[PDB]
file run10.cif (mmCIF, C-alpha atoms and all ligand atoms)
data_final
#
loop_
_atom_site.label_atom_id
_atom_site.label_comp_id
_atom_site.auth_asym_id
_atom_site.auth_seq_id
_atom_site.Cartn_x
_atom_site.Cartn_y
_atom_site.Cartn_z
CA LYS A 5 5.52 -13.80 3.16
CA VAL A 6 3.12 -12.45 0.53
CA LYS A 7 -0.56 -11.62 0.97
CA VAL A 8 -2.80 -10.56 -1.92
CA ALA A 9 -6.24 -8.98 -1.56
CA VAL A 10 -8.81 -7.41 -3.87
CA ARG A 11 -11.03 -4.49 -2.95
CA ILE A 12 -14.16 -3.66 -4.92
CA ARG A 13 -15.16 0.01 -4.80
CA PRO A 14 -18.69 1.37 -5.11
CA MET A 15 -20.19 2.60 -8.35
CA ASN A 16 -19.13 6.22 -8.83
CA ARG A 17 -21.58 9.04 -9.55
CA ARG A 18 -21.39 8.68 -13.32
CA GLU A 19 -21.93 4.93 -13.25
CA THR A 20 -24.82 5.36 -10.85
CA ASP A 21 -26.43 8.11 -12.92
CA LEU A 22 -26.00 6.23 -16.19
CA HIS A 23 -27.15 2.82 -14.88
CA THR A 24 -23.90 1.03 -15.71
CA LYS A 25 -24.30 -2.67 -14.83
CA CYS A 26 -22.36 -4.44 -12.11
CA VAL A 27 -20.13 -7.26 -13.39
CA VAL A 28 -18.23 -8.09 -10.23
CA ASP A 29 -19.62 -10.54 -7.70
CA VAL A 30 -17.89 -11.91 -4.60
CA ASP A 31 -18.06 -15.22 -2.72
CA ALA A 32 -16.07 -15.26 0.50
CA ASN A 33 -12.56 -14.76 -0.88
CA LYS A 34 -13.34 -15.50 -4.53
CA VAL A 35 -14.00 -12.80 -7.11
CA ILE A 36 -16.31 -13.55 -10.01
CA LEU A 37 -15.99 -11.40 -13.11
CA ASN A 38 -19.17 -11.76 -15.16
CA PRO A 39 -18.90 -11.10 -18.92
CA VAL A 40 -19.95 -7.65 -20.19
CA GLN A 52 -18.11 -17.13 -19.59
CA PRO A 53 -17.71 -16.04 -15.93
CA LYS A 54 -14.17 -15.87 -14.61
CA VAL A 55 -13.29 -16.82 -11.05
CA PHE A 56 -10.20 -15.81 -9.08
CA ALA A 57 -9.22 -16.68 -5.53
CA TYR A 58 -7.39 -14.41 -3.09
CA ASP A 59 -6.20 -14.21 0.52
CA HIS A 60 -8.93 -11.65 1.21
CA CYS A 61 -11.66 -10.01 -0.82
CA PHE A 62 -12.93 -6.66 0.42
CA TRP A 63 -16.40 -5.98 -0.98
CA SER A 64 -16.91 -2.27 -0.40
CA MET A 65 -19.80 -1.45 -2.72
CA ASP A 66 -22.46 -0.57 -0.19
CA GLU A 67 -22.26 0.25 3.53
CA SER A 68 -25.82 -0.96 4.20
CA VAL A 69 -25.07 -4.62 3.41
CA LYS A 70 -23.51 -5.35 6.80
CA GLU A 71 -23.26 -9.06 6.00
CA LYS A 72 -20.32 -8.35 3.67
CA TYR A 73 -19.37 -4.67 3.52
CA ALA A 74 -15.70 -3.95 4.22
CA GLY A 75 -15.01 -0.45 5.55
CA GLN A 76 -11.67 1.23 6.17
CA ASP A 77 -11.53 -0.37 9.63
CA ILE A 78 -11.88 -3.85 8.13
CA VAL A 79 -9.10 -3.32 5.59
CA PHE A 80 -6.71 -2.24 8.35
CA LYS A 81 -7.63 -5.15 10.62
CA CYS A 82 -6.91 -7.72 7.91
CA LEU A 83 -3.86 -6.09 6.31
CA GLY A 84 -2.58 -3.28 8.53
CA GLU A 85 -2.50 -4.72 12.05
CA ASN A 86 -0.25 -7.65 11.10
CA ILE A 87 2.11 -5.49 9.05
CA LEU A 88 2.38 -3.03 11.96
CA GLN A 89 3.06 -5.80 14.44
CA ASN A 90 5.78 -7.01 12.08
CA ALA A 91 7.66 -3.71 12.41
CA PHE A 92 7.48 -3.87 16.22
CA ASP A 93 8.98 -7.36 15.81
CA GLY A 94 11.97 -5.71 14.10
CA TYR A 95 11.20 -6.84 10.55
CA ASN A 96 10.44 -5.13 7.23
CA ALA A 97 7.24 -4.77 5.25
CA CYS A 98 5.60 -3.22 2.21
CA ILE A 99 1.95 -2.64 1.41
CA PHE A 100 1.07 -1.89 -2.21
CA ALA A 101 -2.19 -0.54 -3.63
CA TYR A 102 -2.41 -1.62 -7.26
CA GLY A 103 -5.03 -0.90 -9.88
CA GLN A 104 -6.76 1.31 -12.39
CA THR A 105 -6.93 5.07 -11.93
CA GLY A 106 -10.15 5.71 -10.03
CA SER A 107 -10.36 2.17 -8.63
CA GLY A 108 -9.51 3.10 -5.03
CA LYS A 109 -5.73 3.06 -4.51
CA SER A 110 -5.51 6.43 -2.74
CA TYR A 111 -8.78 5.97 -0.90
CA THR A 112 -7.36 2.71 0.50
CA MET A 113 -3.83 3.86 1.30
CA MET A 114 -4.47 7.34 2.64
CA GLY A 115 -8.25 7.81 2.55
CA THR A 116 -10.29 10.97 3.05
CA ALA A 117 -10.66 13.26 6.06
CA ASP A 118 -13.93 11.46 6.83
CA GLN A 119 -12.71 7.97 5.82
CA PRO A 120 -9.08 7.64 6.89
CA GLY A 121 -7.24 4.76 5.22
CA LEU A 122 -4.34 2.42 5.97
CA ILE A 123 -1.63 4.98 6.54
CA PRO A 124 -3.35 7.18 9.16
CA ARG A 125 -4.65 4.12 11.04
CA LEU A 126 -1.24 2.50 11.03
CA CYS A 127 0.46 5.66 12.31
CA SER A 128 -2.20 6.10 15.00
CA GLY A 129 -1.75 2.50 16.05
CA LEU A 130 2.02 2.92 16.03
CA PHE A 131 2.14 5.96 18.30
CA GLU A 132 -0.49 4.49 20.62
CA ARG A 133 1.72 1.43 21.11
CA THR A 134 5.05 3.25 21.50
CA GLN A 135 3.56 5.70 24.01
CA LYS A 136 2.25 2.67 25.88
CA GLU A 137 5.54 0.76 26.04
CA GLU A 138 8.02 3.65 26.31
CA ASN A 139 9.69 4.48 29.63
CA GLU A 140 13.05 5.35 31.19
CA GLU A 141 14.53 1.99 30.12
CA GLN A 142 13.32 1.80 26.50
CA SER A 143 12.75 4.38 23.81
CA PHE A 144 11.31 4.53 20.32
CA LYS A 145 12.56 6.58 17.40
CA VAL A 146 10.12 7.11 14.55
CA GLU A 147 11.34 8.45 11.23
CA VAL A 148 9.34 9.11 8.09
CA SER A 149 10.18 9.73 4.44
CA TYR A 150 7.69 10.45 1.70
CA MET A 151 8.82 10.21 -1.92
CA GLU A 152 7.39 10.01 -5.40
CA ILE A 153 8.78 7.92 -8.26
CA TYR A 154 7.85 9.32 -11.68
CA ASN A 155 9.51 7.93 -14.82
CA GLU A 156 12.25 6.30 -12.74
CA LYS A 157 13.14 9.65 -11.15
CA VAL A 158 12.66 10.32 -7.42
CA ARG A 159 11.12 13.43 -5.84
CA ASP A 160 11.08 14.31 -2.12
CA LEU A 161 7.51 15.15 -1.11
CA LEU A 162 8.67 16.55 2.25
CA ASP A 163 10.73 19.41 0.82
CA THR A 170 14.88 15.43 -8.56
CA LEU A 171 17.05 13.24 -6.35
CA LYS A 172 19.69 10.87 -7.69
CA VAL A 173 19.55 7.12 -7.11
CA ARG A 174 22.89 5.75 -5.89
CA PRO A 181 20.34 1.59 -2.60
CA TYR A 182 19.59 5.13 -1.41
CA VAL A 183 18.05 8.39 -2.57
CA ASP A 184 20.77 11.01 -2.15
CA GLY A 185 19.28 13.88 -0.15
CA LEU A 186 15.96 12.27 0.71
CA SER A 187 14.60 13.93 3.85
CA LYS A 188 14.10 11.54 6.75
CA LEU A 189 12.25 13.28 9.57
CA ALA A 190 11.97 12.33 13.23
CA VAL A 191 8.39 12.49 14.48
CA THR A 192 7.26 12.18 18.09
CA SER A 193 3.46 12.24 17.92
CA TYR A 194 0.60 11.31 15.61
CA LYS A 195 0.00 15.02 15.00
CA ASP A 196 3.64 15.34 13.88
CA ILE A 197 3.42 12.42 11.48
CA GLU A 198 0.11 13.88 10.32
CA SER A 199 1.68 17.20 9.29
CA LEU A 200 3.91 15.22 6.95
CA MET A 201 1.08 13.14 5.50
CA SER A 202 -0.66 16.47 4.92
CA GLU A 203 2.42 18.26 3.60
CA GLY A 204 3.39 15.46 1.22
CA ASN A 205 -0.09 14.95 -0.18
CA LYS A 206 -0.22 18.65 -1.08
CA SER A 207 3.20 18.62 -2.75
CA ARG A 208 1.91 15.64 -4.73
CA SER A 219 -0.02 11.66 -9.17
CA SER A 220 -1.94 8.99 -11.06
CA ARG A 221 1.14 8.32 -13.20
CA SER A 222 3.70 7.99 -10.41
CA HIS A 223 4.28 5.79 -7.37
CA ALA A 224 4.05 7.40 -3.93
CA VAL A 225 6.07 5.76 -1.13
CA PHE A 226 5.37 6.57 2.52
CA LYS A 227 8.22 5.11 4.57
CA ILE A 228 8.40 4.71 8.33
CA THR A 229 11.46 3.59 10.24
CA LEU A 230 10.72 2.43 13.78
CA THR A 231 13.68 2.00 16.08
CA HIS A 232 13.16 0.44 19.48
CA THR A 233 16.08 0.68 21.88
CA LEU A 234 16.42 -1.05 25.24
CA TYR A 235 18.88 0.23 27.85
CA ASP A 236 20.99 -1.50 30.49
CA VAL A 237 21.49 -0.46 34.10
CA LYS A 238 24.11 2.18 33.17
CA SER A 239 21.93 3.66 30.42
CA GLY A 240 24.03 1.95 27.76
CA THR A 241 22.31 0.16 24.89
CA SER A 242 21.51 -3.51 25.55
CA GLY A 243 18.92 -4.18 22.84
CA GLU A 244 17.64 -2.62 19.61
CA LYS A 245 15.13 -3.61 16.93
CA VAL A 246 14.59 -1.76 13.66
CA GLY A 247 11.43 -2.16 11.59
CA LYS A 248 10.79 -0.48 8.24
CA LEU A 249 7.36 0.09 6.73
CA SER A 250 6.89 1.12 3.10
CA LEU A 251 3.31 2.02 2.25
CA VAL A 252 2.91 2.39 -1.47
CA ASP A 253 0.31 4.07 -3.70
CA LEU A 254 1.22 2.76 -7.16
CA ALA A 255 0.84 4.53 -10.47
CA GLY A 256 -2.38 3.66 -12.31
CA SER A 257 -2.25 0.41 -14.24
CA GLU A 258 -4.63 1.25 -17.12
CA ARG A 259 -3.50 1.03 -20.75
CA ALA A 260 -3.39 4.38 -22.54
CA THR A 261 -5.53 4.73 -25.68
CA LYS A 262 -4.28 6.48 -28.79
CA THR A 263 -6.22 9.41 -30.26
CA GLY A 264 -3.21 11.28 -31.64
CA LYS A 271 5.29 6.76 -23.37
CA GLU A 272 4.32 7.42 -19.75
CA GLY A 273 2.12 4.33 -19.82
CA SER A 274 4.97 2.25 -21.25
CA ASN A 275 7.40 3.38 -18.55
CA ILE A 276 4.77 2.65 -15.91
CA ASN A 277 4.11 -0.76 -17.45
CA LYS A 278 7.75 -1.79 -17.13
CA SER A 279 7.84 -0.74 -13.48
CA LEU A 280 4.58 -2.51 -12.64
CA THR A 281 5.54 -5.62 -14.62
CA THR A 282 8.86 -5.78 -12.72
CA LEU A 283 7.14 -5.32 -9.36
CA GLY A 284 4.91 -8.17 -10.47
CA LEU A 285 7.86 -10.48 -11.14
CA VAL A 286 9.50 -9.58 -7.84
CA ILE A 287 6.40 -10.21 -5.73
CA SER A 288 5.57 -13.46 -7.58
CA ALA A 289 9.10 -14.82 -7.11
CA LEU A 290 9.11 -13.93 -3.41
CA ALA A 291 5.62 -15.41 -3.12
CA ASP A 292 6.99 -18.61 -4.66
CA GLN A 293 9.40 -18.72 -1.72
CA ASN A 300 17.56 -20.15 -5.04
CA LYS A 301 15.24 -18.32 -7.46
CA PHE A 302 16.29 -15.11 -9.21
CA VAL A 303 14.63 -11.91 -8.02
CA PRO A 304 14.99 -8.92 -10.42
CA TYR A 305 15.17 -6.01 -7.93
CA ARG A 306 17.48 -3.91 -10.12
CA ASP A 307 15.12 -3.94 -13.11
CA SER A 308 13.24 -0.93 -11.70
CA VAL A 309 13.84 2.01 -9.34
CA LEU A 310 10.86 1.05 -7.17
CA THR A 311 11.84 -2.59 -6.66
CA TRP A 312 15.49 -1.69 -6.06
CA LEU A 313 14.82 0.98 -3.46
CA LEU A 314 12.53 -1.44 -1.61
CA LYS A 315 14.85 -4.45 -1.96
CA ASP A 316 15.55 -4.35 1.80
CA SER A 317 11.84 -4.65 2.61
CA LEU A 318 11.06 -7.16 -0.13
CA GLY A 319 13.77 -9.76 0.48
CA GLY A 320 14.83 -11.56 3.66
CA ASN A 321 12.16 -12.08 6.31
CA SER A 322 10.00 -9.22 5.04
CA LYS A 323 6.23 -9.29 4.67
CA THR A 324 4.45 -7.92 1.62
CA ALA A 325 0.74 -7.15 1.34
CA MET A 326 -0.89 -6.12 -1.92
CA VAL A 327 -4.42 -4.82 -2.34
CA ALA A 328 -5.63 -4.86 -5.93
CA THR A 329 -8.39 -2.24 -6.25
CA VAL A 330 -11.10 -2.70 -8.90
CA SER A 331 -14.27 -1.10 -10.24
CA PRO A 332 -17.47 -3.18 -10.13
CA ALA A 333 -18.71 -1.64 -13.37
CA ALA A 334 -19.21 -3.00 -16.90
CA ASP A 335 -17.38 -0.05 -18.50
CA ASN A 336 -14.16 -1.08 -16.75
CA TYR A 337 -14.26 -4.81 -17.54
CA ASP A 338 -10.97 -4.89 -19.44
CA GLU A 339 -8.98 -3.07 -16.80
CA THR A 340 -10.72 -4.97 -14.02
CA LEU A 341 -9.88 -8.25 -15.75
CA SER A 342 -6.27 -7.13 -16.16
CA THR A 343 -6.01 -6.11 -12.51
CA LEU A 344 -7.41 -9.46 -11.39
CA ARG A 345 -4.89 -11.42 -13.49
CA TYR A 346 -2.06 -9.27 -12.14
CA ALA A 347 -3.20 -9.96 -8.59
CA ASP A 348 -3.67 -13.65 -9.33
CA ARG A 349 -0.18 -13.89 -10.82
CA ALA A 350 1.42 -12.23 -7.80
CA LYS A 351 -0.30 -14.73 -5.50
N1 LIG B 401 -14.09 1.73 -1.26
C1 LIG B 401 -14.50 3.00 -1.50
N2 LIG B 401 -15.56 3.53 -0.87
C2 LIG B 401 -15.97 4.79 -1.10
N3 LIG B 401 -15.37 5.62 -1.97
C3 LIG B 401 -14.29 5.21 -2.69
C4 LIG B 401 -13.78 3.84 -2.48
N4 LIG B 401 -12.73 3.69 -3.30
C5 LIG B 401 -12.56 4.86 -3.96
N5 LIG B 401 -13.50 5.76 -3.60
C6 LIG B 401 -13.63 7.15 -4.13
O1 LIG B 401 -13.59 7.10 -5.57
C7 LIG B 401 -12.68 8.06 -6.08
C8 LIG B 401 -11.48 7.36 -6.71
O2 LIG B 401 -10.68 6.87 -5.63
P1 LIG B 401 -9.08 6.98 -5.64
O3 LIG B 401 -8.52 6.13 -4.53
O4 LIG B 401 -8.72 8.43 -5.75
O5 LIG B 401 -8.67 6.28 -7.03
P2 LIG B 401 -7.16 5.95 -7.47
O6 LIG B 401 -6.25 6.38 -6.34
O7 LIG B 401 -7.18 4.45 -7.66
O8 LIG B 401 -6.93 6.73 -8.74
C9 LIG B 401 -12.20 8.89 -4.90
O9 LIG B 401 -13.01 10.07 -4.80
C10 LIG B 401 -12.46 8.01 -3.70
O10 LIG B 401 -12.77 8.81 -2.56
MG MG B 402 -4.81 8.13 -6.68
#

call {"tool": "encode", "arguments": {"input": "run10.cif", "output": "structure tokens", "more": "lines below"}}
Ligand SMILES: Nc1ncnc2c1ncn2[C@@H]1O[C@H](COP(=O)(O)OP(=O)(O)O)[C@@H](O)[C@H]1O
Ligand SMILES: [Mg+2]
result
Amino acid sequence: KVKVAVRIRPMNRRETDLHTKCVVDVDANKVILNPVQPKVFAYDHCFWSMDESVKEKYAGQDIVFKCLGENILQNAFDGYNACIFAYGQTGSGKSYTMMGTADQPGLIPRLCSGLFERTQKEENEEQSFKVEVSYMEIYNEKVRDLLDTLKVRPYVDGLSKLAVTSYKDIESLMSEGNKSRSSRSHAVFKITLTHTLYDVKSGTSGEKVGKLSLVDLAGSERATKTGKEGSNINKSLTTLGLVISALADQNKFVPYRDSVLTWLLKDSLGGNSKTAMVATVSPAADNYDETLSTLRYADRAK
């Protein structure tokens, strides 16, 4: 159903340089926020990613995919639907986790690599796979096609959906979309995997469809006044919160239509779908408030 994880990023350069204190500790799957009384939260996984040298507990990109990606991918081969959301403060590690860098590929490249490896393994004259990708951006409840404002009618009228046949292919679209792309919008990478089995006369005898929606959410931080985007983002994120919580609690009412994001992903949120959320947070004292907020959001969803 619903899996919730928290990933703790390293100190950034500024925090390192300026000796900002660490206020986040971890204990197995508990997160302890020390005051800048200690607060303790429990999750399905906690990824402590502060320092590669501490092998005893460091979680690299490979670890995140093993614990959150592999299962979600398998789910799509099973013919079911799934979403993965990265949620948290700007600079906390949402994009690093979802897409990653050229040197540290994240969830999306690993998942696509795994996907094509598996399809190329199982494909033959009697069964085929069709892989289609869309990449869109939701900013202020308006949708933009990152593979080119599209109207919401639940479908996005005129949203490109492109057939890809190799990892390199699907890579050109990751690349293309990321260029055309950010901290104040949601980015949705969608894969449709269709697996068709054929009978003796080359007619269709079996077919499974699995959808994967991999989501880099808009930053969750509160804007500070020094003389609306944040408010619009808050509604969306609050609604996504209510949807995930309600599904996690599973006759209940689920408010899909209260936001463009949750409505467009209704198909992969309801039914027998699987949802995984990674709440990214800074370890540093100067982010306590936003870290605390992110932790409560993640706790609530679980
Ligand atoms: N777990 C991590 N390990 C190493 N570097 C990270 C990690 N998380 C984030 N970073 C780096 O910190 C910066 C902020 O990450 P990013 O994902 O862009 O933040 P966000 O998407 O949440 O705004 C990026 O340069 C990213 O490469
Ligand atoms: Mg980002």

call {"tool": "residues_near_ligand", "arguments": {"input": "run10.cif", "ligand": "ligand LIG 401 (chain B)", "cutoff": "6 Å", "atoms": "all atoms listed in the file", "output": "list in words"}}
result
residues 13, 14, 64, 104, 105, 106, 107, 108, 109, 110, 111 and 220 of chain A

call {"tool": "residues_near_ligand", "arguments": {"input": "run10.cif", "ligand": "ligand MG 402 (chain B)", "cutoff": "12 Å", "atoms": "only C-alpha atoms and all ligand atoms", "output": "MDAnalysis selection string"}}
result
chainID A and resid 101:116 205 208 219:224 252:257 329

call {"tool": "write_last_selection", "arguments": {"input": "run10.cif", "atoms": "C-alpha atoms", "output": "compact mmCIF listing (two decimals), in the coordinates of the input"}}
result
# COMPACT_ATOMS: atom_id res chain seq x y z
CA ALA A 101 -2.19 -0.54 -3.63
CA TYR A 102 -2.41 -1.62 -7.26
CA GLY A 103 -5.03 -0.90 -9.88
CA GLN A 104 -6.76 1.31 -12.39
CA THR A 105 -6.93 5.07 -11.93
CA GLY A 106 -10.15 5.71 -10.03
CA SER A 107 -10.36 2.17 -8.63
CA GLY A 108 -9.51 3.10 -5.03
CA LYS A 109 -5.73 3.06 -4.51
CA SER A 110 -5.51 6.43 -2.74
CA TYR A 111 -8.78 5.97 -0.90
CA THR A 112 -7.36 2.71 0.50
CA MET A 113 -3.83 3.86 1.30
CA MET A 114 -4.47 7.34 2.64
CA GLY A 115 -8.25 7.81 2.55
CA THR A 116 -10.29 10.97 3.05
CA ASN A 205 -0.09 14.95 -0.18
CA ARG A 208 1.91 15.64 -4.73
CA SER A 219 -0.02 11.66 -9.17
CA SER A 220 -1.94 8.99 -11.06
CA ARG A 221 1.14 8.32 -13.20
CA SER A 222 3.70 7.99 -10.41
CA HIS A 223 4.28 5.79 -7.37
CA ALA A 224 4.05 7.40 -3.93
CA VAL A 252 2.91 2.39 -1.47
CA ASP A 253 0.31 4.07 -3.70
CA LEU A 254 1.22 2.76 -7.16
CA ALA A 255 0.84 4.53 -10.47
CA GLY A 256 -2.38 3.66 -12.31
CA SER A 257 -2.25 0.41 -14.24
CA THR A 329 -8.39 -2.24 -6.25

call {"tool": "atom_distance", "arguments": {"input": "run10.cif", "atom1": "CA of residue 287 in chain A", "atom2": "CA of residue 129 in chain A"}}
result
26.5 Å

call {"tool": "atom_distance", "arguments": {"input": "run10.cif", "atom1": "CA of residue 73 in chain A", "atom2": "CA of residue 331 in chain A"}}
result
15.1 Å

call {"tool": "atom_distance", "arguments": {"input": "run10.cif", "atom1": "CA of residue 348 in chain A", "atom2": "CA of residue 85 in chain A"}}
result
23.2 Å

call {"tool": "closest_atom_pairs", "arguments": {"input": "run10.cif", "of": "range 5-69 of chain A", "to": "range 288-308 of chain A", "cutoff": "12 Å", "atoms": "all atoms listed in the file", "output": "JSON lines"}}
result
{"residue": "A:5", "atom": "CA", "partner": "A:291", "partner_atom": "CA", "distance": 6.5}
{"residue": "A:6", "atom": "CA", "partner": "A:291", "partner_atom": "CA", "distance": 5.3}
{"residue": "A:7", "atom": "CA", "partner": "A:291", "partner_atom": "CA", "distance": 8.3}
{"residue": "A:8", "atom": "CA", "partner": "A:291", "partner_atom": "CA", "distance": 9.8}

call {"tool": "closest_residue", "arguments": {"input": "run10.cif", "among": "A:314, A:197, A:122, A:57", "to": "residue 147 in chain A", "atoms": "only C-alpha atoms"}}
result
A:197

call {"tool": "residues_around", "arguments": {"input": "run10.cif", "residues": "residue 191 in chain A", "least_positions_apart": "4", "cutoff": "9 Å", "atoms": "only C-alpha atoms", "output": "JSON, numbers by chain"}}
result
{"A": [145, 146, 147, 148, 195, 196, 197]}

call {"tool": "closest_residue", "arguments": {"input": "run10.cif", "among": "A:246, A:233, A:318, A:130", "to": "residue 86 in chain A", "atoms": "all atoms listed in the file"}}
result
A:130

call {"tool": "closest_residue", "arguments": {"input": "run10.cif", "among": "A:187, A:142, A:250, A:342", "to": "residue 100 in chain A", "atoms": "all atoms listed in the file"}}
result
A:250

call {"tool": "closest_residue", "arguments": {"input": "run10.cif", "among": "A:319, A:17, A:225, A:204", "to": "residue 158 in chain A", "atoms": "all atoms listed in the file"}}
result
A:225
